[PDB]
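One structure is given here, and the rest of the page talks about it.
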Amino acid sequence: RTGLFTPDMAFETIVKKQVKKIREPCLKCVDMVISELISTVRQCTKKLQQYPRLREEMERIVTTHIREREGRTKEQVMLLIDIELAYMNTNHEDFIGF
Amino acid sequence: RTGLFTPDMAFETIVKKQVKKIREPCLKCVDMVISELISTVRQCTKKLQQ
Amino acid sequence: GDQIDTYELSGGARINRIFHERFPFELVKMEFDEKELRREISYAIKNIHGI
């Protein structure tokens, strides 16, 4: 067809292409925060020096826990982007009417 | 979905809906013309032949 | 596709979009008494300071 009005699938295709790029910095930010937390736990364990075998165990246990929560945090981060691709809401603060 | 741009079927389906109304008078015109052709053939046969 | 209900009714998923733009109406029925908000702010400040 010759077309009479501007199509709407072009806007959705372009937006979806730009939206797919955000996955990288979010998965960087998660690793950065994990590293900082492990640092602060290692600072907090400096006060147990008079007890060997208890500074090791407490480091191991809190570190293992913090590491294991990474998978679930990343899964949620990915899902929140999939949610952004699934539906294009144009009734927000946008060029309405234009 | 959400209404960003005016769709093209809002035009196409209203036009297609109004165009379908034209079938009736077009077939009335054909009936009228067949009426006249039958009339004239009757005039010619009445006038000439006994 | 073609063959849409141009005259009769909204149907199918055009009702769902009404839900998506009627939910804002449910979000504004949640009324509250202002003087209860001020009462709870006050008791929150007092309980947060403590001694």
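Backbone-built Cβ (ideal geometry, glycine too); neighbour counts: all protein chains shown. Read the figures in this text as sums done on the coordinates, not as results from a lab.
Here are the numbers for the structure shown:
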| item | result |
| --- | --- |
| Peptide B:5-16, shielding by other chains (average Cβ, 10 Å cutoff) | 4 |
| For peptides A:22-28, B:39-45, sequence by mean Cβ density within 10 Å, most packed first | A:22-28, B:39-45 |
| Packing rank of C:25-36, A:55-66, where each peptide gets the mean count of other beta carbons within 10 Å, highest leading | A:55-66, C:25-36 |
| Signed unit charges on C-beta, dipole axis of chain A, positive-most listed residue A:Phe11, A:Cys44, A:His92 | A:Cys44 |
| Peptides B:6-14, A:86-94 ordered by average Cβ neighbours within 10 Å, highest first | B:6-14, A:86-94 |
| Unit charges at the beta carbon, dipole of the protein assembly as shown: most positive-side option, C:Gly12, C:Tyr43, A:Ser35 | C:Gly12 |
| Chain A, relative contact order in percent, only Cα pairs under 8 angstrom and at least six apart counted | 36 |
| The protein assembly as shown: calculated mean residue ellipticity at 222 nm from DSSP helix runs of at least 4, using -39500 (n - 2.57) | -21000 deg cm²/dmol |
